[PDB]
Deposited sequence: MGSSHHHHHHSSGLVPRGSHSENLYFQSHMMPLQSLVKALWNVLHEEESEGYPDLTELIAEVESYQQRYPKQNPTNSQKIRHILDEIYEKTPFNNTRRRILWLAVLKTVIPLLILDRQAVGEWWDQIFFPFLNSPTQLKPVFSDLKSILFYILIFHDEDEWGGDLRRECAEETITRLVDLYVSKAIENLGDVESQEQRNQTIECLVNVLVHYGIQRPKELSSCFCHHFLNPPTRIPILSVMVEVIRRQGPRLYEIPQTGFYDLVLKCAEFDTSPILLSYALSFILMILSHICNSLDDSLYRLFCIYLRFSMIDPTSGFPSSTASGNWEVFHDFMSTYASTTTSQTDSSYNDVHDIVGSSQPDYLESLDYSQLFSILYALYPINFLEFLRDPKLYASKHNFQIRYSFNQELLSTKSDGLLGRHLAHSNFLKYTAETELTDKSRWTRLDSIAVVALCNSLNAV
């Protein structure tokens, strides 16, 4: 007998006065009746919520606490659409993120709400494509806000920080579960120079965690843009993140490798030739790309574990997988290039290249490809990549041995 009416009753009560015991009980009670989300009750509850917003809004901490506490608990009753999540953005999320309450449990509550929308199993759950569309809208707004906040000039440095801190947290949590989706939002903005550092720092943090689905990222064209970054930009800090990112995502590909091989050769070249005085070899290129130099009138803070992710590991993976061509390429890059239809866009000192490269080469066992393939058949001949799945199994079993 009237469970919508009891809910609205309880709802009304708790917003005019933080004890939610009555309300939680009604939600539980109510769900036993509408165990799937009801489109007219959603509509109704939202009008109640909007009504009360006019009366007592989000303008002080005690109210924000109350609001987040309540929204977090009703939102499983509602169906939302792209217009709706816009309303919550403007009424709740933007005002919090733009000037966040410095109490962790309040932010925790924000994150419950955000993440209820962002993360879900059934796409059919609110009818049609509503579920997916609200996630797409929310994340696009978070990303857009993050990117812009990371770049605008300034109203107290401390407060701007408080906002990025929240956004980075949220975006890393979202990234480790939805790496494709996040990379995809990031593509858009990444073509804009000053965004590259704030974006990459989030994307390397996502990928650090070595969570699942990392192999989806290249479909989105984000891996391509990181290579571009690595091929053309100039800022040590950015190229530093650039390399880190590609080093972590590489073992997850083997497939997008046979199309970026030459590009990785060139990247290896450039990073190995870094100069104390002239930094990274400048390119003669861009094309459409638009370079990011450091001091560019004429974010940041690289994490401590990224130093150990240098060009020496790039060598190891290239040598392990494409030794013949790799060493053929080193030793004469410009010659290798002309015969494989690409260009070297860096002035470099060949002796130095050959000394440094020797140095690393000497830490490696001799590669048995030289007994089996030619430089040309190393490239063709996909039979090679079977060996690989035998070596997997054996390493798997050894990983599982105790002693």
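No C-alpha coordinates anywhere in a stretch? Then put that deposited-sequence range on the list, in order along the chain.
Residues missing from the model, as numbered along the full deposited sequence, span 1 to 29, 47 to 52, 190 to 192, 337 to 356.
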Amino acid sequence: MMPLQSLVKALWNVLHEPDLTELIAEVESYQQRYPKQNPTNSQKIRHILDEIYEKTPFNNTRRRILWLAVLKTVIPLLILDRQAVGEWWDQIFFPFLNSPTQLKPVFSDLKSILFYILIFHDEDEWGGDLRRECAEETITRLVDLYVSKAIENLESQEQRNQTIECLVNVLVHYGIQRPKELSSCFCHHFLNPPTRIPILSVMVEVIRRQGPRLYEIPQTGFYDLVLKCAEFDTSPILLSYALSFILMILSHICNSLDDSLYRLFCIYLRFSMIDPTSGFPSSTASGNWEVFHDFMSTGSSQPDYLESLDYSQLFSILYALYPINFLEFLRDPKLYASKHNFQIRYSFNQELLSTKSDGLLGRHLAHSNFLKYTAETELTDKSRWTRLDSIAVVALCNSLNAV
From here on, numbers count along this sequence of modelled residues.
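For the C-alpha atoms alone, is the average B factor greater in 206 to 214 or in 261 to 269, going by the entry?
The deposited B-factors put 206 to 214 ahead on the C-alpha mean.
Mean Cα B factor from the PDB record: higher for 158 to 166, or higher for 251 to 259?
It is 251 to 259 that shows the higher mean C-alpha B-factor.
Using the entry's values, work out which of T374, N41, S354, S368 has the largest Cα B factor.
Highest C-alpha B-factor among the listed options: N41.
From the list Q177, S278, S112, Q302, select the residue with the highest C-alpha B factor recorded in the entry.
Of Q177, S278, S112, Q302, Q302 has the highest C-alpha B-factor.
By the recorded C-alpha temperature factor, relative to the other modelled residues in its chain, which third is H364 in?
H364: CA B-factor falls in the lowest third of its chain.
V106: which third of its chain by C-alpha temperature factor?
As the PDB entry reports it, the C-alpha B-factor of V106 lands in the middle third of its chain.
Going by the recorded CA B-factors, say which third of the chain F342 sits in, lowest, middle or highest.
It falls in the bottom third of the chain.
Would you mind checking where the Cα B-factor of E51 ranks among the modelled residues of its chain, as the lowest, middle or highest third?
CA B-factor rank for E51: highest third.
Hey, what third does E28 fall into on Cα B-factor, ranked over its chain?
According to the entry, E28 has a C-alpha B-factor in the chain's highest third.
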